[PDB]
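This is the structure, below, for whatever I ask next.
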Amino acid sequence: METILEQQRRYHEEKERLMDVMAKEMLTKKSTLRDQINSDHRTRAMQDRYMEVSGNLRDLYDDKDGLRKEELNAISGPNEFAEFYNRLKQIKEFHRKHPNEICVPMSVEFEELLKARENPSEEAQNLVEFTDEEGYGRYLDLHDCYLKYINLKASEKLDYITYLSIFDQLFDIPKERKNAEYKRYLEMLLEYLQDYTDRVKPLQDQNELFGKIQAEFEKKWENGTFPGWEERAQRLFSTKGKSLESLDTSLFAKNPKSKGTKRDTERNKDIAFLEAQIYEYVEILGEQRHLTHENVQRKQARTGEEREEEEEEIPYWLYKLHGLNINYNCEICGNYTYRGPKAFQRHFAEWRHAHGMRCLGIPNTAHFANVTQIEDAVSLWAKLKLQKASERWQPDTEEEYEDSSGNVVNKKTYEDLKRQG
Amino acid sequence: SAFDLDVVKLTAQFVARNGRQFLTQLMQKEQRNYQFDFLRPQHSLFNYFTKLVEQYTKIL
């Protein structure tokens, strides 16, 4: 198999097709949010294909350096070309047209007028990835999180608007004590928010964004990124200030920070990383957070009906005397329909009816003019079959033999007897 | 059309490794009995052959 030449050529061509297709998408105009997100999700799957093909292309050159000398030897050789060409003389009678090596990749990564989803992504569906309240990247549903939050505080003194003011908090005083049960809720709210960030921006590198947030967390957030001018340095885990950076550094190796209290860097790690991720993702979604808050205020202020509507977003006598609109059909005239009985009678004896009778093999006649079914027409043509005669000389033979009472012979028998003797 | 495609692709693979324009592993073959009419620019399939050798040369 020509790994060096054919496979790398095909993978390079497939990559070029993918680039051309998502270029054709970025050339075309977009009209609504659903179809924008749908194409951006489609282009993500094409990028996943591009990365995988490019993976395989890079892991196909190790044996290439093994055979490159033999490949570069274009003078000493030639016999292998002949040997392969002789094997190409196999199965000559392969009567088939083959226009599919480039047409199938081109028409695979393209789409057909009724559905603006290409053949690779043809079962892709945005409503398995977004709920209706989210409106494809327009809003985030925080109603469910608000319900879990009521249960968590154990009291109803807190509206949805009051809840949103809590999620506008960033680096200030916490809602509950950060060592309480608020942590399980914060984990769940974040998991929703993190999935949501990537979900509404599917063309952006998820691994880049994750690796950047991780690097900022380790190199800055755990390393004293909050300083005042108790003010001096704040450590997320141990929930306390500290005098100078020298006593902060020497506190990072102490048992209460490492593992010797219940808010340490061994036990409370995942929650502290989560508290940083919910912060950075809410900043990235600050426009969308404003849009949800506006939508909640608009939904709250409505009447009943306004809320329900937003949740939804002649010649009769002449034709009677002439015989029009009458049910009639002629199955002999190519199963055509007639609007009258006289039209059905004239259509049974017509050019199209006689042409269909001649193409079916049954010649028409004066008695078979009103025939509709083809089963009766065969019996009519059999009974019409030249009445019943065809017998002018079926006995005349004049057999000599005795010539008195012995000369029982037919026309063909007497002809054979005259030709034989 | 598979035979036609495979002979054009295979000849292009052995043409693309040439040390000189007219010193190919196919110029010797034409003179050694191997009837291949798409080598001449008179045959329409030569224009696809030129793309395939350009692609195999890109694949070097």
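For chain A, we keep the numbers from Swiss-Prot: what you see runs 1-229, 279-362, 392-499, in order.
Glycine residues also receive a Cβ, built from the backbone N, Cα and C atoms like all the rest.
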Would you mind telling me which one of A:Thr43, A:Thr352, A:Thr475 Swiss-Prot calls phosphothreonine?
A:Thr475
With respect to Swiss-Prot, which of the residues A:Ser54, A:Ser76, A:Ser468, A:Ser483 bears the note phosphoserine?
A:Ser54
Please identify the range among A:136-167, A:406-437 that Swiss-Prot labels zinc finger.
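Based on what Swiss-Prot states, zinc finger spans A:406-437.
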May I ask you to indicate which of A:95-99, A:175-179, A:309-313 is given in Swiss-Prot as motif 'Nuclear localization signal'?
A:175-179
Candidates are A:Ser39, A:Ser121, A:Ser287, A:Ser292; I want to know which one Swiss-Prot annotates as phosphoserine.
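Of the listed residues, Swiss-Prot records phosphoserine for A:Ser121.
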Based on what Swiss-Prot says, identify which of A:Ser31, A:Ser295 is the phosphoserine one.
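Matching A:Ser31, A:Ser295 against Swiss-Prot annotations yields A:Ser295.
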Note down the number of other Cβ atoms within 10 Å of the Cβ of A:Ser299 (phosphoserine), including every protein chain shown.
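Excluding its own Cβ, A:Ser299 (phosphoserine) sees 12 Cβ atoms within 10 Å.
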Summarise the zinc finger (A:406-437) by DSSP state, stating how many residues are helix, strand and coil.
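In the zinc finger (A:406-437), the DSSP-based counts are 17 helix, 6 strand, 9 coil.
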Cα-Cα, whole number of Å: A:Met1 (N-acetylmethionine) versus A:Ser295 (phosphoserine)?
65
Work through the modified residues one by one (A:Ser54, A:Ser121, A:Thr475) and name whichever has its CA nearest to the CA of A:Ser295 (phosphoserine).
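Considering only the listed modified residues, the nearest one is A:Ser54.
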What is the three-state DSSP composition of the compositional bias 'Basic and acidic residues' (A:343-354), stated as helix, strand and coil residue counts?
10 helix, 0 strand, 2 coil
Cβ under 8 Å, sequence separation of at least 6 from the ends of the motif 'Nuclear localization signal' (A:175-179): give me the contacting residues as numbers and ranges.
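Those are 152-153, 166, 169, 288, 311-312, 317, 324, in sequence order.
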Just to verify a number: CA distance, A:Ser121 (phosphoserine) to A:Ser299 (phosphoserine), in angstrom, no decimals.
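About 55 Å separate the Cα atoms of these two residues.
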